[PDB]
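A.B. asks: The structure is given below, and queries will be raised subsequently.
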Amino acid sequence: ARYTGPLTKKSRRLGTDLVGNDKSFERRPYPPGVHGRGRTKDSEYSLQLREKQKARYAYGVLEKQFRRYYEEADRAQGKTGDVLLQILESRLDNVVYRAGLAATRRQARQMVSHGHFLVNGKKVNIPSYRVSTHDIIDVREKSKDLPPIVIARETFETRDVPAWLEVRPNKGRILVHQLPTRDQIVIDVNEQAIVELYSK
Amino acid sequence: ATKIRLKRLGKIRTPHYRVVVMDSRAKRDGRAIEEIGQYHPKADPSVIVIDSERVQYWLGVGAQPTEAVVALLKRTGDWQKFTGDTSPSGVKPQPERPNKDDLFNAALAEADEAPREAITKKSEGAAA
Amino acid sequence: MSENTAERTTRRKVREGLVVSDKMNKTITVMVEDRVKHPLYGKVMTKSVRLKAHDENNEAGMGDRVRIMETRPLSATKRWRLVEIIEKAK
Amino acid sequence: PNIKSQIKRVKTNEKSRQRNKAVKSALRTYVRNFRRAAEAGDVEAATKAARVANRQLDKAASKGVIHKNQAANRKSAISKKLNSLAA
RNA sequence: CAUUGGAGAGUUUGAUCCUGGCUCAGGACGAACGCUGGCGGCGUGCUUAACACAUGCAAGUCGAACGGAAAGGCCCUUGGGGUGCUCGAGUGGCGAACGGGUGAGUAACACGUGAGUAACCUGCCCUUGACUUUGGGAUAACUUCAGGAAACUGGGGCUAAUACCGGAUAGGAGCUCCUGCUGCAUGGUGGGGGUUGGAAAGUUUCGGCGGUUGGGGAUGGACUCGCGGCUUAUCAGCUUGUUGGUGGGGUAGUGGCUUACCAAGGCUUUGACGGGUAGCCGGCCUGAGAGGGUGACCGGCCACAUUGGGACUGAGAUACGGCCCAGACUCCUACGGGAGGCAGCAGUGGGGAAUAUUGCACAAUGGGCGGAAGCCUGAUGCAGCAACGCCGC
RNA sequence: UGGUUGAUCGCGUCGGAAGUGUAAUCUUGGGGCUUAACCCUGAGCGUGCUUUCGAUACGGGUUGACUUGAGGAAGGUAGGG
RNA sequence: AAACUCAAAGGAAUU
Ligand SMILES: [Mg+2]
Ligand SMILES: [Mg+2]
Ligand SMILES: [Mg+2]
Ligand SMILES: [Mg+2]
Ligand SMILES: [Mg+2]
Ligand SMILES: [Mg+2]
Ligand SMILES: [Mg+2]
Ligand SMILES: [Mg+2]
Ligand SMILES: [Mg+2]
Ligand SMILES: [Mg+2]
Ligand SMILES: [Mg+2]
Ligand SMILES: [Mg+2]
Ligand SMILES: [Mg+2]
Ligand SMILES: [Mg+2]
Ligand SMILES: [Mg+2]
Ligand SMILES: [Mg+2]
Ligand SMILES: [Mg+2]
Ligand SMILES: [Mg+2]
Ligand SMILES: [Mg+2]
Ligand SMILES: [Mg+2]
Ligand SMILES: [Mg+2]
Ligand SMILES: [Mg+2]
Ligand SMILES: [Mg+2]
Ligand SMILES: [Mg+2]
Ligand SMILES: [Mg+2]
Ligand SMILES: [Mg+2]
Ligand SMILES: [Mg+2]
Ligand SMILES: [Mg+2]
Ligand SMILES: [Mg+2]
């Protein structure tokens, strides 16, 4: 119920950097496997499916839960892709990643599932915990000196925190100013393509 | 006989009762003549909401309460208004009150010791 | 003088119809027509039902437009009573 | 029966059936006596029989062997017949 | 004075366009099978044989109605005190008609929806007005006798009640006569008069708890009715208590419900009658919607309880764990005769592609009885089992 | 199924009001289970029905006109009807 | 009518 295999293979297949940089993605222009350099047809399904899989492997969400997110966004009022990206960003592991306390979303999932975090006073070990507005995520007092935590404390200045979060790095406290908007989620997929895909 | 009793609802190991009016012969979780209130005992200082006018009407028309409903009416004070007896009538204590916006504004500004205990944990990694 | 809750309110059902059978004693078969939409195609249809009324004195004849009021079961099939004759077509 | 309550119940049901049957048969005999007096056309005999039958109908209704509505219906029939006989 | 919602593809030809069927991508399931299988949360789990069922349990309770004393318990040289609590068996009250199950039957006022009863009944509960009077005869238990393999049955004797039966006294019960106001035809209702009548129960640890009868309330049920939801015309005639009338009977109640007499009706191509299938619905699945399919869990109504029929008792009965008769089955028998009904819970056999434990507890909620402590509750709350579903890790 | 039009009824139709459409489900707002599923709670929905009060353009009922549709009279008239 | 069977049958037109 969690993808544990290599991520560079998925990034190469999907054609975009799922996470990180300056890595084995120097072989980017071609998917993994023996048949990587051949010319591709890329149907509309192919395109749509690529966008959906890009979002899925970026956020570490499997198909059933991603589908559930899709119906929630579709029911919600407003743009379906905007709401879907808003939900995926409101996931707690992504919140930790965006605040910059984790090197990657996989590391954020690791620490969240291991329970190194407090949500507004209550301990949460659910990576899919949907953080609500005005929430206060806190690092567990016992685990305020994790090696990944201190690496993040050394590196966060380079990292860019989105406008909808406030982070007290050394304190391990992520204040949620508001639930993010499409202009605030970084554009790296085609949510419109995903929405069109979930209609066929 | 017409009874004022509790109709069980909710999950396994999580009961919420509806103080309802139905005759004795009816099954426990069935059609009720009228729904009077609710009773959540699983919650802190159990929630006890009883419609005073309706419960007074049904007591005056002759509905027989079950012992549980008698306890709830004692706590709501209805069991004293009807069948006047010297009982404490301990109207439910509230199950306290949290808040979110005030805490967020308190911490947004908290700043100071936020990043301050934060550089103290910097000294901690030093200690780490 | 001071009678109980008067009015009784509770009014009974009234139907206007056309007499289609008067050849049994103290009984007239009344045909009552109603117009309703078709459930699927929406056209306004004409639904007709035969109602047996009780006509004391046999005062109504074939083709007479009559008014009937519902009653308690007066026989195996009669449940209505004649209350007036509106047009005596004859 | 399989339940001792039900065995007790069949015994008491038989007992109550005996009691009720006796009372109903007495009621029928009294009403028949009144009917035969009425057919014979006597006035004093029919009056006495009607009084007896109505009293016994009310007594049975009180005892619960018959419903009070049934007692009232039979009494009404008897009294109407006696009135017709007198007229 | 805007919308929350609609995707196609392949395949007839040498090629084309159209028509057109077929097939596929989606969703779903009370599913099964194959491979595989870590955990948790919440659900769900005989859809077939309404097939036949071993075993345990699923409806009892009350000594503050009664005689009592077979147990335990106190007091006494082992029996004895019924003496106090207690208490088998027995009378008596209430409950057993609820809860729980199943979907065979039913194409029907069964159900959905909305009304009517001036045609209705309603134990326990609430409320209000009157009352709770005077007598009597039995009987179970017990005892004795006889019969029976048993199930049990019949005599003799004996005994108590809130058991049973006379009487008196009580309206809004019958009949009848005035009179006020009135409805929807039968009528409803207020007032007065005549006449004939209808009840009851006592008990206590003195704190209680009960009895009868009028009138209202609440609750539950009953019947009637308008409208609505299958298929079949390769089913066209159906009906004779059938349709209506009058008198009687019956019933809680209207009614051919029943009966006697009289009449000849009633229904039907707008589909009667017959055949097929089916419990109905809130809902469920699907769908842009309109619709189409469906009726598991849960909830409402109905029907049924081995098959067929019948009543009895009761406030109330398709009376699941009642009775009677018959049929088919199973069991006991000393051959004379007896006993039984898991579509209650768990379980077995069987059928099947396929569906679980012969579990724990009355702690909670609900129910029955008791003045109460309390007793009973396979309702229910839980646990076991299965990736069967959903969700999370 | 219905040409033009006067009057009237208010059945269809349309608009209010009251009653009903239990609960659960479902949609949605809040709340609780660490999240979710699930659960509680407020509202909507319950697409109808009954009662009642209005409106009268249209459909229909009742009733009266008009002649253009339709038919008839008189005259004319073609034809292997 | 049905079982059964086919993945076409067919219309107009083009070369
Ligand atoms: Mg005799
Ligand atoms: Mg009579
Ligand atoms: Mg061809
Ligand atoms: Mg080809
Ligand atoms: Mg005993
Ligand atoms: Mg049932
Ligand atoms: Mg069912
Ligand atoms: Mg008595
Ligand atoms: Mg019908
Ligand atoms: Mg008659
Ligand atoms: Mg069937
Ligand atoms: Mg259906
Ligand atoms: Mg059910
Ligand atoms: Mg009876
Ligand atoms: Mg029974
Ligand atoms: Mg039952
Ligand atoms: Mg049984
Ligand atoms: Mg079973
Ligand atoms: Mg098998
Ligand atoms: Mg209890
Ligand atoms: Mg108690
Ligand atoms: Mg028991
Ligand atoms: Mg016209
Ligand atoms: Mg006009
Ligand atoms: Mg709700
Ligand atoms: Mg929450
Ligand atoms: Mg509802
Ligand atoms: Mg007209
Ligand atoms: Mg001519």
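How things are named: the first chain in the structure tokens is A, the next is B, and so on; residues count from 1 in each chain; ligands count from 1 in the order shown.
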List all protein, DNA and RNA residues that have at least one atom no more than 8 Å from any atom of ligand 11, counting only C-alpha atoms (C1' of nucleotides) and all ligand atoms, and write them as a list in words.
C.D. replies: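 The residues near ligand 11 are residues 103, 104, 105, 278 and 279 of chain E.
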A.B. asks: Can you tell me which residues sit at most 10 Å away from ligand 18, counting only C-alpha atoms (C1' of nucleotides) and all ligand atoms, written as a list in words?
C.D. replies: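 These are the residues that qualify: residues 101, 342, 343, 344, 345, 346 and 347 of chain E.
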A.B. asks: Convert the current residue selection to file output with N, CA and C atoms (P, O5', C5', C4', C3', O3' and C1' of nucleotides), as a PDB file, in the first residue's frame.
C.D. replies:
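Wrote it out as part_13.pdb, contents follow:
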ATOM      1  P     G E 101     -34.870 -11.252  13.350  1.00  0.00           P
ATOM      2  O5'   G E 101     -35.336 -12.653  12.761  1.00  0.00           O
ATOM      3  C5'   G E 101     -34.544 -13.814  12.945  1.00  0.00           C
ATOM      4  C4'   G E 101     -35.240 -15.050  12.438  1.00  0.00           C
ATOM      5  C3'   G E 101     -35.620 -15.043  10.971  1.00  0.00           C
ATOM      6  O3'   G E 101     -34.529 -15.354  10.127  1.00  0.00           O
ATOM      7  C1'   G E 101     -37.441 -15.818  12.252  1.00  0.00           C
ATOM      8  P     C E 342     -39.139 -26.763  15.030  1.00  0.00           P
ATOM      9  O5'   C E 342     -39.030 -25.884  13.713  1.00  0.00           O
ATOM     10  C5'   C E 342     -37.891 -25.973  12.874  1.00  0.00           C
ATOM     11  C4'   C E 342     -36.849 -24.959  13.265  1.00  0.00           C
ATOM     12  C3'   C E 342     -35.657 -24.841  12.334  1.00  0.00           C
ATOM     13  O3'   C E 342     -35.931 -24.001  11.232  1.00  0.00           O
ATOM     14  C1'   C E 342     -34.905 -24.985  14.566  1.00  0.00           C
ATOM     15  P     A E 343     -35.166 -24.195   9.839  1.00  0.00           P
ATOM     16  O5'   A E 343     -35.530 -22.871   9.039  1.00  0.00           O
ATOM     17  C5'   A E 343     -35.131 -21.601   9.528  1.00  0.00           C
ATOM     18  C4'   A E 343     -36.254 -20.598   9.464  1.00  0.00           C
ATOM     19  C3'   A E 343     -37.349 -20.743  10.506  1.00  0.00           C
ATOM     20  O3'   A E 343     -36.994 -20.142  11.735  1.00  0.00           O
ATOM     21  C1'   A E 343     -38.313 -20.419   8.371  1.00  0.00           C
ATOM     22  P     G E 344     -37.623 -20.651  13.119  1.00  0.00           P
ATOM     23  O5'   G E 344     -37.366 -19.433  14.102  1.00  0.00           O
ATOM     24  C5'   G E 344     -36.161 -18.694  14.010  1.00  0.00           C
ATOM     25  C4'   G E 344     -35.844 -17.973  15.292  1.00  0.00           C
ATOM     26  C3'   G E 344     -34.381 -17.985  15.691  1.00  0.00           C
ATOM     27  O3'   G E 344     -33.641 -16.965  15.050  1.00  0.00           O
ATOM     28  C1'   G E 344     -35.701 -18.627  17.536  1.00  0.00           C
ATOM     29  P     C E 345     -32.352 -17.324  14.168  1.00  0.00           P
ATOM     30  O5'   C E 345     -31.202 -17.507  15.245  1.00  0.00           O
ATOM     31  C5'   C E 345     -30.931 -16.483  16.185  1.00  0.00           C
ATOM     32  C4'   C E 345     -29.960 -16.947  17.235  1.00  0.00           C
ATOM     33  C3'   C E 345     -28.812 -17.804  16.741  1.00  0.00           C
ATOM     34  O3'   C E 345     -27.773 -17.067  16.131  1.00  0.00           O
ATOM     35  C1'   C E 345     -29.754 -18.806  18.640  1.00  0.00           C
ATOM     36  P     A E 346     -27.057 -17.650  14.822  1.00  0.00           P
ATOM     37  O5'   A E 346     -26.286 -18.934  15.355  1.00  0.00           O
ATOM     38  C5'   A E 346     -25.043 -18.785  16.016  1.00  0.00           C
ATOM     39  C4'   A E 346     -24.642 -20.013  16.792  1.00  0.00           C
ATOM     40  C3'   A E 346     -24.286 -21.257  16.007  1.00  0.00           C
ATOM     41  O3'   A E 346     -23.035 -21.196  15.351  1.00  0.00           O
ATOM     42  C1'   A E 346     -25.591 -21.864  17.851  1.00  0.00           C
ATOM     43  P     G E 347     -22.850 -21.923  13.932  1.00  0.00           P
ATOM     44  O5'   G E 347     -23.256 -23.434  14.211  1.00  0.00           O
ATOM     45  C5'   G E 347     -22.429 -24.276  14.999  1.00  0.00           C
ATOM     46  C4'   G E 347     -23.025 -25.648  15.169  1.00  0.00           C
ATOM     47  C3'   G E 347     -23.213 -26.460  13.904  1.00  0.00           C
ATOM     48  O3'   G E 347     -22.017 -27.035  13.419  1.00  0.00           O
ATOM     49  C1'   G E 347     -25.155 -26.619  15.215  1.00  0.00           C
TER      50        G E 347
END
A.B. asks: Fewer than 6 positions away in the same chain doesn't count, so skip those; otherwise give me all residues within 10 Å of residue E:90, counting only C-alpha atoms (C1' of nucleotides), as a PyMOL selection string.
C.D. replies: chain E and resi 67-68+140-142
A.B. asks: Which chains and residue numbers are within 9 Å of ligand 9, counting only C-alpha atoms (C1' of nucleotides) and all ligand atoms, if I want them as a VMD selection string?
C.D. replies: chain E and resid 108 to 109 227 to 229
A.B. asks: Let's have the selection written as a PDB file, in the first residue's frame, with C-alpha atoms (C1' of nucleotides).
C.D. replies:
ATOM      1  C1'   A E 108     -54.874  -8.569  -3.566  1.00  0.00           C
ATOM      2  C1'   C E 109     -57.398  -2.093  -0.551  1.00  0.00           C
ATOM      3  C1'   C E 227     -54.997   7.593  -6.604  1.00  0.00           C
ATOM      4  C1'   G E 228     -50.336   4.694  -7.827  1.00  0.00           C
ATOM      5  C1'   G E 229     -46.708   0.556  -9.214  1.00  0.00           C
TER       6        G E 229
END
A.B. asks: Taking only C-alpha atoms (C1' of nucleotides) and all ligand atoms and a cut-off of 12 Å, can you tell me which residues surround ligand 10, written as a PDB file with N, CA and C atoms (P, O5', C5', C4', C3', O3' and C1' of nucleotides), in the first residue's frame?
C.D. replies:
ATOM      1  N   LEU C  74     -72.769   0.248   2.284  1.00  0.00           N
ATOM      2  CA  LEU C  74     -74.205   0.017   2.320  1.00  0.00           C
ATOM      3  C   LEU C  74     -74.605  -1.324   1.730  1.00  0.00           C
ATOM      4  N   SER C  75     -73.703  -1.983   1.016  1.00  0.00           N
ATOM      5  CA  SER C  75     -73.919  -3.328   0.504  1.00  0.00           C
ATOM      6  C   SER C  75     -72.556  -3.898   0.142  1.00  0.00           C
ATOM      7  N   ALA C  76     -72.556  -5.011  -0.590  1.00  0.00           N
ATOM      8  CA  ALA C  76     -71.294  -5.617  -0.995  1.00  0.00           C
ATOM      9  C   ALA C  76     -70.494  -4.700  -1.909  1.00  0.00           C
TER      10      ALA C  76
ATOM     11  P     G E 244     -74.472  -5.511  -4.286  1.00  0.00           P
ATOM     12  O5'   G E 244     -75.979  -5.016  -4.361  1.00  0.00           O
ATOM     13  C5'   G E 244     -76.288  -3.739  -4.891  1.00  0.00           C
ATOM     14  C4'   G E 244     -77.759  -3.596  -5.189  1.00  0.00           C
ATOM     15  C3'   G E 244     -78.708  -3.699  -4.012  1.00  0.00           C
ATOM     16  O3'   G E 244     -78.760  -2.531  -3.218  1.00  0.00           O
ATOM     17  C1'   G E 244     -79.550  -4.974  -5.794  1.00  0.00           C
ATOM     18  P     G E 245     -79.158  -2.648  -1.669  1.00  0.00           P
ATOM     19  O5'   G E 245     -80.711  -2.993  -1.694  1.00  0.00           O
ATOM     20  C5'   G E 245     -81.651  -2.073  -2.224  1.00  0.00           C
ATOM     21  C4'   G E 245     -83.052  -2.625  -2.183  1.00  0.00           C
ATOM     22  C3'   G E 245     -83.573  -3.019  -0.814  1.00  0.00           C
ATOM     23  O3'   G E 245     -84.024  -1.909  -0.062  1.00  0.00           O
ATOM     24  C1'   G E 245     -84.079  -4.716  -2.374  1.00  0.00           C
ATOM     25  P     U E 246     -83.675  -1.803   1.499  1.00  0.00           P
ATOM     26  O5'   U E 246     -84.788  -2.699   2.199  1.00  0.00           O
ATOM     27  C5'   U E 246     -86.165  -2.395   2.050  1.00  0.00           C
ATOM     28  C4'   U E 246     -87.035  -3.533   2.514  1.00  0.00           C
ATOM     29  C3'   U E 246     -86.709  -4.107   3.881  1.00  0.00           C
ATOM     30  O3'   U E 246     -87.217  -3.332   4.948  1.00  0.00           O
ATOM     31  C1'   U E 246     -87.014  -5.868   2.347  1.00  0.00           C
ATOM     32  P     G E 247     -86.444  -3.307   6.354  1.00  0.00           P
ATOM     33  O5'   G E 247     -86.753  -4.734   6.989  1.00  0.00           O
ATOM     34  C5'   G E 247     -88.046  -5.029   7.490  1.00  0.00           C
ATOM     35  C4'   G E 247     -88.186  -6.469   7.914  1.00  0.00           C
ATOM     36  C3'   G E 247     -87.199  -6.982   8.945  1.00  0.00           C
ATOM     37  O3'   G E 247     -87.475  -6.564  10.267  1.00  0.00           O
ATOM     38  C1'   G E 247     -87.409  -8.568   7.231  1.00  0.00           C
ATOM     39  P     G E 248     -86.265  -6.378  11.306  1.00  0.00           P
ATOM     40  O5'   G E 248     -85.719  -7.856  11.534  1.00  0.00           O
ATOM     41  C5'   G E 248     -86.493  -8.802  12.254  1.00  0.00           C
ATOM     42  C4'   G E 248     -85.944 -10.202  12.147  1.00  0.00           C
ATOM     43  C3'   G E 248     -84.617 -10.475  12.825  1.00  0.00           C
ATOM     44  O3'   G E 248     -84.712 -10.601  14.230  1.00  0.00           O
ATOM     45  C1'   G E 248     -84.626 -11.481  10.699  1.00  0.00           C
ATOM     46  P     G E 249     -83.489 -10.128  15.153  1.00  0.00           P
ATOM     47  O5'   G E 249     -82.327 -11.158  14.810  1.00  0.00           O
ATOM     48  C5'   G E 249     -82.454 -12.527  15.157  1.00  0.00           C
ATOM     49  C4'   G E 249     -81.361 -13.364  14.545  1.00  0.00           C
ATOM     50  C3'   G E 249     -79.945 -13.043  14.982  1.00  0.00           C
ATOM     51  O3'   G E 249     -79.617 -13.588  16.245  1.00  0.00           O
ATOM     52  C1'   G E 249     -80.003 -13.288  12.641  1.00  0.00           C
ATOM     53  P     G E 250     -78.746 -12.733  17.286  1.00  0.00           P
ATOM     54  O5'   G E 250     -77.271 -12.799  16.696  1.00  0.00           O
ATOM     55  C5'   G E 250     -76.670 -14.041  16.367  1.00  0.00           C
ATOM     56  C4'   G E 250     -75.508 -13.854  15.427  1.00  0.00           C
ATOM     57  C3'   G E 250     -74.430 -12.897  15.898  1.00  0.00           C
ATOM     58  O3'   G E 250     -73.513 -13.507  16.783  1.00  0.00           O
ATOM     59  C1'   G E 250     -75.018 -12.374  13.679  1.00  0.00           C
ATOM     60  P     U E 254     -73.118  -2.671  12.903  1.00  0.00           P
ATOM     61  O5'   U E 254     -73.103  -2.291  11.363  1.00  0.00           O
ATOM     62  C5'   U E 254     -73.139  -0.933  10.962  1.00  0.00           C
ATOM     63  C4'   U E 254     -72.528  -0.742   9.602  1.00  0.00           C
ATOM     64  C3'   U E 254     -72.999  -1.694   8.523  1.00  0.00           C
ATOM     65  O3'   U E 254     -74.252  -1.326   7.983  1.00  0.00           O
ATOM     66  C1'   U E 254     -70.648  -1.496   8.435  1.00  0.00           C
ATOM     67  P     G E 255     -75.372  -2.444   7.733  1.00  0.00           P
ATOM     68  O5'   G E 255     -74.727  -3.378   6.620  1.00  0.00           O
ATOM     69  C5'   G E 255     -74.420  -2.856   5.340  1.00  0.00           C
ATOM     70  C4'   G E 255     -73.513  -3.775   4.564  1.00  0.00           C
ATOM     71  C3'   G E 255     -74.006  -5.193   4.369  1.00  0.00           C
ATOM     72  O3'   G E 255     -74.988  -5.305   3.359  1.00  0.00           O
ATOM     73  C1'   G E 255     -71.739  -5.234   5.000  1.00  0.00           C
ATOM     74  P     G E 256     -76.205  -6.330   3.544  1.00  0.00           P
ATOM     75  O5'   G E 256     -75.582  -7.733   3.135  1.00  0.00           O
ATOM     76  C5'   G E 256     -74.913  -7.890   1.890  1.00  0.00           C
ATOM     77  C4'   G E 256     -74.050  -9.123   1.869  1.00  0.00           C
ATOM     78  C3'   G E 256     -73.326  -9.375   0.552  1.00  0.00           C
ATOM     79  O3'   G E 256     -72.106 -10.069   0.809  1.00  0.00           O
ATOM     80  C1'   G E 256     -74.778 -11.169   0.996  1.00  0.00           C
ATOM     81  P     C E 257     -70.893  -9.369   1.594  1.00  0.00           P
ATOM     82  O5'   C E 257     -70.857 -10.133   2.986  1.00  0.00           O
ATOM     83  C5'   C E 257     -69.722 -10.893   3.365  1.00  0.00           C
ATOM     84  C4'   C E 257     -69.963 -11.661   4.639  1.00  0.00           C
ATOM     85  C3'   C E 257     -71.148 -12.609   4.637  1.00  0.00           C
ATOM     86  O3'   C E 257     -70.865 -13.840   3.999  1.00  0.00           O
ATOM     87  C1'   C E 257     -71.142 -11.351   6.634  1.00  0.00           C
ATOM     88  P     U E 258     -71.995 -14.579   3.135  1.00  0.00           P
ATOM     89  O5'   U E 258     -73.089 -15.000   4.210  1.00  0.00           O
ATOM     90  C5'   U E 258     -72.826 -16.032   5.147  1.00  0.00           C
ATOM     91  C4'   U E 258     -73.982 -16.222   6.093  1.00  0.00           C
ATOM     92  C3'   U E 258     -75.328 -16.489   5.444  1.00  0.00           C
ATOM     93  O3'   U E 258     -75.498 -17.844   5.073  1.00  0.00           O
ATOM     94  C1'   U E 258     -75.567 -14.826   7.103  1.00  0.00           C
ATOM     95  P     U E 259     -76.365 -18.221   3.778  1.00  0.00           P
ATOM     96  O5'   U E 259     -77.869 -18.032   4.261  1.00  0.00           O
ATOM     97  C5'   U E 259     -78.399 -18.846   5.293  1.00  0.00           C
ATOM     98  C4'   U E 259     -79.677 -18.277   5.852  1.00  0.00           C
ATOM     99  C3'   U E 259     -80.805 -18.063   4.860  1.00  0.00           C
ATOM    100  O3'   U E 259     -81.506 -19.255   4.563  1.00  0.00           O
ATOM    101  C1'   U E 259     -80.585 -16.152   6.224  1.00  0.00           C
ATOM    102  P     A E 260     -81.969 -19.563   3.058  1.00  0.00           P
ATOM    103  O5'   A E 260     -83.432 -18.941   2.973  1.00  0.00           O
ATOM    104  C5'   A E 260     -84.479 -19.426   3.797  1.00  0.00           C
ATOM    105  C4'   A E 260     -85.577 -18.406   3.956  1.00  0.00           C
ATOM    106  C3'   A E 260     -86.180 -17.860   2.673  1.00  0.00           C
ATOM    107  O3'   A E 260     -87.129 -18.732   2.087  1.00  0.00           O
ATOM    108  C1'   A E 260     -85.726 -16.075   4.146  1.00  0.00           C
TER     109        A E 260
END
A.B. asks: Enumerate as a list in words the residues within 9 Å of ligand 26, counting only C-alpha atoms (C1' of nucleotides) and all ligand atoms.
C.D. replies: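 Selection of residues at most 9 Å from ligand 26: residues 31, 32, 33 and 35 of chain F.
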A.B. asks: With only C-alpha atoms (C1' of nucleotides) as the counted atoms, please give the residues lying no more than 10 Å from residue A:70, apart from itself and same-chain residues fewer than 5 positions off, as a PyMOL selection string.
C.D. replies: chain A and resi 64-65+75-76+80-81+83-85+87+194-195+198
A.B. asks: Do me a favour and pick out the residues of chain F within 10 Å of chain C, using only C-alpha atoms (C1' of nucleotides), as a list in words.
C.D. replies: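 Within 10 Å of chain C on chain F, we get residues 11, 12, 51, 59 and 60 of chain F.
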A.B. asks: Suppose we keep N, CA, C and O atoms (P, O5', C5', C4', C3', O3' and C1' of nucleotides); can you now write the selection as a PDB file, in the first residue's frame?
C.D. replies:
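The resulting file, selection.pdb, is shown below:
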ATOM      1  P     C F  11     -61.818  23.767  -9.577  1.00  0.00           P
ATOM      2  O5'   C F  11     -62.289  22.567 -10.506  1.00  0.00           O
ATOM      3  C5'   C F  11     -62.146  21.219 -10.095  1.00  0.00           C
ATOM      4  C4'   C F  11     -61.835  20.328 -11.268  1.00  0.00           C
ATOM      5  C3'   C F  11     -60.495  20.571 -11.941  1.00  0.00           C
ATOM      6  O3'   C F  11     -59.417  19.950 -11.266  1.00  0.00           O
ATOM      7  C1'   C F  11     -62.173  20.482 -13.583  1.00  0.00           C
ATOM      8  P     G F  12     -58.058  20.762 -11.006  1.00  0.00           P
ATOM      9  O5'   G F  12     -57.227  20.546 -12.345  1.00  0.00           O
ATOM     10  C5'   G F  12     -57.024  19.245 -12.872  1.00  0.00           C
ATOM     11  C4'   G F  12     -56.615  19.296 -14.321  1.00  0.00           C
ATOM     12  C3'   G F  12     -55.335  20.057 -14.623  1.00  0.00           C
ATOM     13  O3'   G F  12     -54.169  19.286 -14.402  1.00  0.00           O
ATOM     14  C1'   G F  12     -57.021  20.750 -16.112  1.00  0.00           C
ATOM     15  P     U F  51     -59.584  17.379  -0.688  1.00  0.00           P
ATOM     16  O5'   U F  51     -59.495  18.545   0.388  1.00  0.00           O
ATOM     17  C5'   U F  51     -59.935  18.332   1.719  1.00  0.00           C
ATOM     18  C4'   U F  51     -59.464  19.429   2.637  1.00  0.00           C
ATOM     19  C3'   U F  51     -59.773  20.847   2.195  1.00  0.00           C
ATOM     20  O3'   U F  51     -61.108  21.231   2.461  1.00  0.00           O
ATOM     21  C1'   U F  51     -57.532  20.722   2.908  1.00  0.00           C
ATOM     22  P     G F  59     -57.979  27.688 -25.935  1.00  0.00           P
ATOM     23  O5'   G F  59     -57.912  26.301 -25.158  1.00  0.00           O
ATOM     24  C5'   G F  59     -56.944  25.326 -25.511  1.00  0.00           C
ATOM     25  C4'   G F  59     -57.092  24.062 -24.704  1.00  0.00           C
ATOM     26  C3'   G F  59     -58.506  23.561 -24.483  1.00  0.00           C
ATOM     27  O3'   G F  59     -59.055  22.901 -25.605  1.00  0.00           O
ATOM     28  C1'   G F  59     -57.330  23.467 -22.454  1.00  0.00           C
ATOM     29  P     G F  60     -60.589  23.151 -25.998  1.00  0.00           P
ATOM     30  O5'   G F  60     -61.402  22.464 -24.817  1.00  0.00           O
ATOM     31  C5'   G F  60     -61.332  21.063 -24.608  1.00  0.00           C
ATOM     32  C4'   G F  60     -61.916  20.673 -23.275  1.00  0.00           C
ATOM     33  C3'   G F  60     -63.371  21.039 -23.047  1.00  0.00           C
ATOM     34  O3'   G F  60     -64.274  20.133 -23.651  1.00  0.00           O
ATOM     35  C1'   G F  60     -62.116  21.688 -21.173  1.00  0.00           C
TER      36        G F  60
END
A.B. asks: Could you tell me, counting only C-alpha atoms (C1' of nucleotides) and all ligand atoms, which protein and nucleic acid residues lie no more than 9 Å from ligand 15, written as a VMD selection string?
C.D. replies: (chain D and resid 6) or (chain E and resid 96 to 97 319 to 322)
A.B. asks: Taking only C-alpha atoms (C1' of nucleotides) into account, report as a PDB file with C-alpha atoms, in the first residue's frame which residues of chain B lie within 7 Å of chain F.
C.D. replies:
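Once written, part.pdb looks like this:
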ATOM      1  CA  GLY B  10     -24.171   4.982  16.508  1.00  0.00           C
ATOM      2  CA  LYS B  11     -21.251   2.601  16.085  1.00  0.00           C
ATOM      3  CA  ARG B  31     -40.556   3.763  14.694  1.00  0.00           C
TER       4      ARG B  31
END
A.B. asks: Any idea what the distance is between atom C1' of residue E:60 and atom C1' of residue E:380?
C.D. replies: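 Separation between atom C1' of residue E:60 and atom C1' of residue E:380: 18.3 Å.
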A.B. asks: What are the residues of chain A lining chain B at 12 Å or less? Count only C-alpha atoms, and put the answer as a ChimeraX atom specification.
C.D. replies: /A:119-121,132-139,141-154,165-178
A.B. asks: Could you list, as a list in words, all residues that come within 8 Å of ligand 8? Count only C-alpha atoms (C1' of nucleotides) and all ligand atoms.
C.D. replies: residues 162, 163, 164 and 201 of chain E
